[PDB]
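K.L.:
I have a structure here, written as structure tokens, and I will follow up with some questions on it.
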Amino acid sequence: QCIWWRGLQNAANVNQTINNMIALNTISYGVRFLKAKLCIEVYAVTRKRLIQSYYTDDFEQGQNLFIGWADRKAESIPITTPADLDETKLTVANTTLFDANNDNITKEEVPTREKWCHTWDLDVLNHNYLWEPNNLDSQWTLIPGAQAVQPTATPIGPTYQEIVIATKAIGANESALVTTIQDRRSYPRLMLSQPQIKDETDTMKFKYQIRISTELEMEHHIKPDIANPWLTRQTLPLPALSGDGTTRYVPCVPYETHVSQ
Amino acid sequence: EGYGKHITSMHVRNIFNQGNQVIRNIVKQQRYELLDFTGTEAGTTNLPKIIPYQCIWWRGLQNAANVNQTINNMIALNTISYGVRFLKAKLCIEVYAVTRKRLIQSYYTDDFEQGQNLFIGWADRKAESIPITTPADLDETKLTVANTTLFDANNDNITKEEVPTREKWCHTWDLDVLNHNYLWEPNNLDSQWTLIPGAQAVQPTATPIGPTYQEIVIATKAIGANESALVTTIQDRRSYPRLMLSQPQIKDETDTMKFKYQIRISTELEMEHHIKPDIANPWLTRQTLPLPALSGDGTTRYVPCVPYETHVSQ
Amino acid sequence: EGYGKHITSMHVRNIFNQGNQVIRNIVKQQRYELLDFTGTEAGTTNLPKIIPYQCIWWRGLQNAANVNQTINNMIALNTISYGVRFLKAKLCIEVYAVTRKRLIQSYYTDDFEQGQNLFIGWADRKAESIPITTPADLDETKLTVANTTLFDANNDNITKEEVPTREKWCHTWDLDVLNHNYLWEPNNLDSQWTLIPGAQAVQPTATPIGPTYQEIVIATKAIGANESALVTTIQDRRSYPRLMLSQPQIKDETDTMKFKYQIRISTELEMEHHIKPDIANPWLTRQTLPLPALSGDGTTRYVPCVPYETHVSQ
Amino acid sequence: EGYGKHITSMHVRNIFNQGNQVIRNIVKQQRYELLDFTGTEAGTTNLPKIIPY
């Protein structure tokens, strides 16, 4: 849901694609995201076995990595620092993919050398609108698409509603009225989990060695050959959650119901 | 290797609704009523009655006695639904009698005017309104406006249907106005100032009706102090002019010639409830819009009842 | 003569349901559970577990935590329904792991026995039962009978499916048993001694189960001191043998070789609620039958779980 | 065995360009200019101008 697609969790993961993006953002008045391809590869499934005391790790090839979509629930992602965006350490307390009572998660199940791929359509915009470029350098900026849910603590703004209304300073003299219709998106919380397996002592502990590949297709619409500051008129602020809040909750709505006319 | 019956390598399975569930209930309200133009007080007068279909009177909230399982069904289905869309509202007036009060001496007798009709005006072509104070006021028998008629000796501005007794007057509305996969957030229809879906962009300053009456909707929802939803739609405009029941204005020796109609008024309001998903999702409010309604401290509040909507050829 | 639009001489019209309305809700309960044969106490032992599908555990009443809108939907739909018919009950066990407790020295470690299976016995061919005391007891993880196994060294009387981990075990029942336009009178499924539709004609004297377990039903309903209903049906017989989950009995040096299974158990109980008609009709109880259940003061009560039903060729 | 959606045994995958990317920009320069052979100084003279392409 966040702009972590840049890999902003760590600077070490920068690459020319970011640098390309950064530059192409300087020279582009607006950008539209096309398709975001996420692929997790599991290179191992490892269990920590207890002996005595200390633990050894043994290969559980034959178990799987769980990818939950956390659909069917209204849940969120706290985001404080870009580090927090790390999908390895990013967590919520008292949280699981497994409820002994109502198991509310649609959980894919991944063997090691089986690969888990997903793709999103960020083409949400229309009426010839774009998104105004940023370097994707913030963790509170979010992917295109409308989760109309926003906290009062951190007003996310009009970009999360189908009917967008916003203004742009773009100089004290002029102001732009950006108004669109963007189809609604859900973007439920996507979790990686181990199985909950009860050992003699406690929950049965695993560690997964995966490779996580991202491709975020970005069509930069380049600044015209002549200065036109008013192309902001067609761009919309990157969808983002504002406010002084140190920790800020990404909506991650489960889904969108549909009505038959 | 597993040899058991009806066993297969699991696919991706979670069985929960994801909001895809929908229920169609029809709240229907059927009344044999006294429509009386004879009396001198309390909406019994020559004043043409008003059927406040613009309002949520379709529940029959004018009186509690008219509650039925359709309401109770609706109420429950509202508790368990995150949103509802109104489909078609079928109003049918049946006239079982047309009665005149004749004067003799003094006291009056009533004689059958079979051969006269009940007038149903649409009060199109005029900008007029319905005052709504209490749900009682919603009663289409007593609901009136002063100095009001279906008959102007100068410009007769009303398109008035004319109903024989056992002839029936039916109408149907399309409340499907919403789109972009938006709904209306449920209420029990227990207020008289809530109004039918559709956009009469007219609203008084005294009682701001809000964004649900404009084609382009913009509103927010608290739904907790932490999150807020931006509900933005395009809903086609609706007119919903004032629908009156009237007697003919016929000048007797004394005064206007007084009638009383014994009718049955049948309502069917098709409501597709979109059920709360099998898992808690408070953010489905995101797709719902507040019931269109007129707010404010005002005791009496005026329902717009716009005549019509002009059309432009491109 | 009446010239209005959509007007016609009235036919015979009353719009009320007359009971013709029906709603299909699916109560579905999905659990990732610890199925443990290792422990020495409280249903953790070698004793084969029991899935009490004969009981109304399909609600997940074993624990309140497993409530979901399907129950809440059911509950409400029961308030507004005069009767309900169960359609198909889909049980699916998914095995996410097969785990053995290995002994070293002393303490145990758990190792993956992928390559062994979970046993699902039907406990057919035997007359056996399920003791039910509390809804907790309905938990298929802890639900057991003493001196009980899927493995007899002498006559092995159980038809036992065998499930690899990511192989899934699904079953489906037909609860459509009723006919002659009878239904079951709704309950919230909040009791553990209520049982699934279908006739196991066996009932204990200690806890008379009643006429709903015989093909030919005869019962009365108070439904007020003034009137009483005679509910008489023909419902085909059902067997519903005891369904156990077990580990293999494998003799280690010490004792039986202990496993624990991490499974997910998914339930879908299709329920067609027949909604209360749009007008009060307390006598629709006439067509409903009491939920099949075992009565009596008994704290612990034995669910029949008959093995099967023989068939005769005419 | 893996049952998830859009899952397949990995092929050889590294996604990096390997230089295969190319961009076509057109630098274009458009001028309404004074070309003057009249003046007596500083390239304004009868001398034929040169376009240093």
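Quick note on naming: the chains in the structure tokens go A, B, ... in the order shown, residues restart at 1 in each chain, and ligands are numbered from 1 in order of appearance.
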Near residue 14 in chain D, within 12 Å and counting only C-alpha atoms, which residues show up once chain neighbours fewer than 6 positions away are dropped, as number ranges by chain?

P.N.:
A: 39, 211-215

K.L.:
Near chain D, meaning an atom within 10 Å, which residues of chain B appear when counting only C-alpha atoms? Write them as a PyMOL selection string.

P.N.:
chain B and resi 9-13

K.L.:
Select all residues from chain A having any atom no more than 8 Å from an atom of chain D (counting only C-alpha atoms, ignoring ligands), output as a list in words.

P.N.:
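Applying the cut-off to the listed atoms yields residues 41, 108, 109, 110, 111, 113, 114, 115, 116, 117 and 118 of chain A.
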
K.L.:
Give me, as JSON, numbers by chain, the residues of chain B touching chain A, with the criterion being at most 10 Å (counting only C-alpha atoms).

P.N.:
{"B": [10, 11, 12, 13, 14, 15, 16, 17, 18, 19, 20, 21, 22, 82, 83, 84, 85, 87, 176, 178, 179, 180, 181, 182, 183, 216, 217, 218, 219, 220, 221, 222, 223, 224, 225, 226, 227, 228, 229, 230, 231, 232, 233, 234, 272, 273, 274, 275, 276, 277, 278, 279, 280, 281, 282, 283, 284, 285, 286, 287]}

K.L.:
Please report as JSON lines every residue of chain B lying within 8 Å of chain C, along with the nearest atom pair and their distance in Å (one decimal), using only C-alpha atoms.

P.N.:
{"residue": "B:1", "atom": "CA", "partner": "C:164", "partner_atom": "CA", "distance": 7.1}
{"residue": "B:2", "atom": "CA", "partner": "C:164", "partner_atom": "CA", "distance": 5.3}
{"residue": "B:3", "atom": "CA", "partner": "C:162", "partner_atom": "CA", "distance": 6.7}
{"residue": "B:4", "atom": "CA", "partner": "C:161", "partner_atom": "CA", "distance": 5.2}
{"residue": "B:5", "atom": "CA", "partner": "C:169", "partner_atom": "CA", "distance": 7.2}
{"residue": "B:6", "atom": "CA", "partner": "C:170", "partner_atom": "CA", "distance": 5.5}
{"residue": "B:7", "atom": "CA", "partner": "C:168", "partner_atom": "CA", "distance": 4.8}
{"residue": "B:8", "atom": "CA", "partner": "C:168", "partner_atom": "CA", "distance": 5.4}
{"residue": "B:9", "atom": "CA", "partner": "C:167", "partner_atom": "CA", "distance": 4.7}
{"residue": "B:10", "atom": "CA", "partner": "C:168", "partner_atom": "CA", "distance": 6.2}
{"residue": "B:15", "atom": "CA", "partner": "C:28", "partner_atom": "CA", "distance": 7.7}
{"residue": "B:28", "atom": "CA", "partner": "C:15", "partner_atom": "CA", "distance": 7.7}
{"residue": "B:68", "atom": "CA", "partner": "C:278", "partner_atom": "CA", "distance": 6.5}
{"residue": "B:69", "atom": "CA", "partner": "C:278", "partner_atom": "CA", "distance": 5.0}
{"residue": "B:70", "atom": "CA", "partner": "C:278", "partner_atom": "CA", "distance": 6.2}
{"residue": "B:73", "atom": "CA", "partner": "C:80", "partner_atom": "CA", "distance": 6.9}
{"residue": "B:76", "atom": "CA", "partner": "C:76", "partner_atom": "CA", "distance": 7.0}
{"residue": "B:80", "atom": "CA", "partner": "C:73", "partner_atom": "CA", "distance": 6.9}
{"residue": "B:94", "atom": "CA", "partner": "C:10", "partner_atom": "CA", "distance": 7.6}
{"residue": "B:161", "atom": "CA", "partner": "C:4", "partner_atom": "CA", "distance": 5.2}
{"residue": "B:162", "atom": "CA", "partner": "C:4", "partner_atom": "CA", "distance": 5.9}
{"residue": "B:163", "atom": "CA", "partner": "C:2", "partner_atom": "CA", "distance": 5.4}
{"residue": "B:164", "atom": "CA", "partner": "C:2", "partner_atom": "CA", "distance": 5.3}
{"residue": "B:166", "atom": "CA", "partner": "C:9", "partner_atom": "CA", "distance": 5.7}
{"residue": "B:167", "atom": "CA", "partner": "C:9", "partner_atom": "CA", "distance": 4.7}
{"residue": "B:168", "atom": "CA", "partner": "C:7", "partner_atom": "CA", "distance": 4.8}
{"residue": "B:169", "atom": "CA", "partner": "C:7", "partner_atom": "CA", "distance": 4.8}
{"residue": "B:170", "atom": "CA", "partner": "C:6", "partner_atom": "CA", "distance": 5.5}
{"residue": "B:171", "atom": "CA", "partner": "C:6", "partner_atom": "CA", "distance": 6.9}
{"residue": "B:276", "atom": "CA", "partner": "C:69", "partner_atom": "CA", "distance": 7.6}
{"residue": "B:277", "atom": "CA", "partner": "C:69", "partner_atom": "CA", "distance": 7.3}
{"residue": "B:278", "atom": "CA", "partner": "C:69", "partner_atom": "CA", "distance": 5.0}
{"residue": "B:279", "atom": "CA", "partner": "C:69", "partner_atom": "CA", "distance": 6.7}

K.L.:
In Å, rounded to a single decimal, give me how far CA of residue 216 in chain A is from CA of residue 119 in chain A.

P.N.:
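One can read the CA of residue 119 in chain A to CA of residue 216 in chain A distance as 9.4 Å.
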
K.L.:
Rounded to one decimal, what separation in Å do you get between CA of residue 53 in chain A and CA of residue 200 in chain A?

P.N.:
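Going from CA of residue 53 in chain A over to CA of residue 200 in chain A, I get 14.8 Å.
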
K.L.:
Name the residues of range 23-225 of chain A that come out as helix (DSSP H, G or I) in a backbone DSSP run; write them as a list in words.

P.N.:
residues 23, 24, 25, 26, 82, 83, 84, 85, 158, 159 and 160 of chain A

K.L.:
How would the residues just chosen look if you wrote them out with N, CA, C and O atoms as an mmCIF file, in the first residue's frame?

P.N.:
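So result.cif came out as:
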data_model
loop_
_atom_site.group_PDB
_atom_site.id
_atom_site.type_symbol
_atom_site.label_atom_id
_atom_site.label_comp_id
_atom_site.auth_asym_id
_atom_site.auth_seq_id
_atom_site.Cartn_x
_atom_site.Cartn_y
_atom_site.Cartn_z
ATOM 1 N N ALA A 23 15.289 11.269 -11.795
ATOM 2 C CA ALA A 23 15.538 12.178 -12.900
ATOM 3 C C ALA A 23 14.283 12.378 -13.726
ATOM 4 O O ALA A 23 13.833 13.508 -13.942
ATOM 5 N N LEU A 24 13.700 11.280 -14.190
ATOM 6 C CA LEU A 24 12.482 11.344 -14.973
ATOM 7 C C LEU A 24 11.368 12.064 -14.244
ATOM 8 O O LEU A 24 10.417 12.517 -14.885
ATOM 9 N N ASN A 25 11.454 12.177 -12.925
ATOM 10 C CA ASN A 25 10.482 12.972 -12.193
ATOM 11 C C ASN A 25 10.804 14.453 -12.294
ATOM 12 O O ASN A 25 9.897 15.286 -12.385
ATOM 13 N N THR A 26 12.089 14.795 -12.289
ATOM 14 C CA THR A 26 12.481 16.187 -12.441
ATOM 15 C C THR A 26 12.006 16.728 -13.775
ATOM 16 O O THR A 26 11.553 17.872 -13.872
ATOM 17 N N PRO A 82 10.739 4.927 7.299
ATOM 18 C CA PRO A 82 10.866 4.071 6.118
ATOM 19 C C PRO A 82 11.400 2.701 6.471
ATOM 20 O O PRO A 82 10.995 1.702 5.869
ATOM 21 N N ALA A 83 12.300 2.632 7.451
ATOM 22 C CA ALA A 83 12.724 1.345 7.977
ATOM 23 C C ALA A 83 11.527 0.480 8.311
ATOM 24 O O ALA A 83 11.490 -0.708 7.977
ATOM 25 N N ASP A 84 10.527 1.067 8.962
ATOM 26 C CA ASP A 84 9.350 0.310 9.348
ATOM 27 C C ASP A 84 8.713 -0.370 8.149
ATOM 28 O O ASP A 84 8.082 -1.419 8.305
ATOM 29 N N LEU A 85 8.896 0.184 6.953
ATOM 30 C CA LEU A 85 8.366 -0.428 5.744
ATOM 31 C C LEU A 85 8.973 -1.786 5.452
ATOM 32 O O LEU A 85 8.477 -2.480 4.560
ATOM 33 N N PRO A 158 -8.351 14.085 -0.710
ATOM 34 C CA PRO A 158 -9.303 13.757 -1.775
ATOM 35 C C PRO A 158 -8.836 12.676 -2.725
ATOM 36 O O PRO A 158 -9.658 12.157 -3.487
ATOM 37 N N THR A 159 -7.556 12.333 -2.739
ATOM 38 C CA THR A 159 -7.093 11.354 -3.706
ATOM 39 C C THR A 159 -7.594 9.952 -3.407
ATOM 40 O O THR A 159 -7.441 9.064 -4.253
ATOM 41 N N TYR A 160 -8.175 9.735 -2.234
ATOM 42 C CA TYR A 160 -8.709 8.443 -1.843
ATOM 43 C C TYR A 160 -10.196 8.317 -2.062
ATOM 44 O O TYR A 160 -10.771 7.278 -1.734
#

K.L.:
Select, from A:120, A:208, A:29, A:54, the residue with the minimum atom-to-atom distance to residue 235 in chain A, counting only C-alpha atoms.

P.N.:
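Among the listed residues, A:29 lies closest to residue 235 in chain A.
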
K.L.:
If we count only C-alpha atoms, what is near residue 177 in chain A at a cut-off of 10 Å, once residues fewer than 5 positions away on the same chain are taken out, given as a list in words?

P.N.:
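The residues satisfying every condition are residues 164, 165, 166, 167, 168, 169, 232, 233, 234 and 236 of chain A.
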
K.L.:
If we count only C-alpha atoms, what is near residue 145 in chain B at a cut-off of 12 Å, once residues fewer than 2 positions away on the same chain are taken out, given as a ChimeraX atom specification?

P.N.:
/B:42-51,128-132,137,140,142-143,147-150,242,244,302
